[PDB]
Amino acid sequence: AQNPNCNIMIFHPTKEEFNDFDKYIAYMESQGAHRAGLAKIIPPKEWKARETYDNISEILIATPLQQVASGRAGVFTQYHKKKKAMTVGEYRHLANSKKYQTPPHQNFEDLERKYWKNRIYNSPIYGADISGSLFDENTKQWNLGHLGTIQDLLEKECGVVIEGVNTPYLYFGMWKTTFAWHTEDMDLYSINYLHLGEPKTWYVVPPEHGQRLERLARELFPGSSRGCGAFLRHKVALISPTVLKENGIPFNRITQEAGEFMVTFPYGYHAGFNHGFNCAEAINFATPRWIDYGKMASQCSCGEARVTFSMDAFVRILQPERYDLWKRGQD
Ligand SMILES: O=C(O)CNC(=O)C(=O)O
Ligand SMILES: [Mg+2]
Ligand code: NI
Ligand SMILES: [Zn+2]
């Protein structure tokens, strides 16, 4: 078995290897990358996502989200308070302000210590989940707006034609902006490209150990757990590396820098934080190997998780027994 300790793997494809996205994913999996839940892909030196980022300031962040925490430093939830719209240029200035900017630090490890010590005492503002793309239309390799769609993959594998679409999302971050512990919708893959700015630190639980994280989460968030049998689908709970280590939960960590891709694999729980002003682009995707994970994915039916139009068909076809209850949650 390849990668039996489930370490995060880092890949350096050549420009020739960067042509065929599906083939490269399957290569990485042949080497055991999926066992970690997360892999890093450094693009060939010849590649670029676009020519410059000099003209992005007029993108609108219609609903910036202030991430307010509750709990203790290593075990907390966050809720998202909606703020007034602002442009990317306005948000960048805000991220660089004395109130929100990255503190002085020695290295990524020192910054990580500071994040876990102090996150809860601040409420950073995240421009998340903005439909759109920063890839140039002429970028032909690993262009996250030109991937094969999940609907087409389901149709190729299973023969059933379904409605729905699959487009990317932009994320504008600042120091301490936080992504809570989650797997993707329908335990899909994700791919995330850090277009510019400061790093993003990731934490990940190997898919084979995801239920260990879930059991810890039910213990640490006991009211949430009574409310919903899949409350990590709400994407609000944080647990620090120190708490994970104290409870014996297998995990790994890695920092993504500008110009790098990360891939999350089916049922790979992940969480993390931004080091300073940045912009990322991410999208979900599928492969043949996903289908079985899609069929087994948990679902929130309490009403909190509320998701895209396109998840309907995935539930309806892959999980027809759950469909009725899940759809009640959506309506
Ligand atoms: O970058 C973020 O805030 C969150 N991204 C992801 O969870 C991802 O790409 O799957
Ligand atoms: Mg612009
Ligand atoms: Ni994710
Ligand atoms: Zn729920």
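In the entry's author numbering, each residue's number is its place in the sequence shown (first place is 1) plus 10.
Don't be surprised by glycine CBs; every beta carbon is placed ideally from N, CA and C.
{"Asked": "Distance CB(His90)-CB(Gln111) smaller than 8 angstroms", "Found": "no"}
{"Asked": "By C-beta, the residues closer than 6 angstroms to any heavy atom of ligand 2, given in chain order", "Found": "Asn65, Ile66, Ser67, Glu68 and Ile69"}
{"Asked": "Entirely enclosed alpha helix (DSSP H) segments - the segment 300-331, minimum 4 residues", "Found": "300-306 and 321-328"}
{"Asked": "Three-state class that DSSP yields for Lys337 in the structure shown", "Found": "helix"}
{"Asked": "Residues surrounding ligand 3 [beta-carbon distance to nearest heavy atom under 6 angstroms]", "Found": "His192, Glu194, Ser200, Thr274 and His280"}
{"Asked": "Buried versus exposed call for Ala49 [16 or more other C-beta atoms within 10 Å across all chains shown]", "Found": "buried"}
{"Asked": "When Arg236, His219 and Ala227 are compared against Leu248, the one with the closest alpha-carbon", "Found": "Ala227"}
{"Asked": "Cβ separation of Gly286 and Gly339, assumed to be a contact under 8 angstroms, to the nearest whole Å", "Found": "Contact flag wrong, Cβ pair sits at about 37 angstroms."}
{"Asked": "Bridge partners - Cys289, DSSP secondary structure assignment", "Found": "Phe182 and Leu206"}
{"Asked": "Alpha carbon of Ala281 to alpha carbon of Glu256, nearest angstrom", "Found": "18 angstroms"}
{"Asked": "Inter-residue Cα distance where the pair is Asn132 and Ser107", "Found": "14 angstroms"}
{"Asked": "DSSP three-state assignment for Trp152, whether helix, strand or coil", "Found": "coil"}
{"Asked": "Heavy atom of ligand 1 within 7 angstroms of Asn176 beta-carbon", "Found": "no"}
{"Asked": "Residues that DSSP places opposite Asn284 in a beta bridge", "Found": "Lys210"}
{"Asked": "C-beta contact flag for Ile69 and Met96 at 8 angstroms", "Found": "no"}
{"Asked": "Which of helix, strand or coil DSSP assigns to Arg263", "Found": "strand"}
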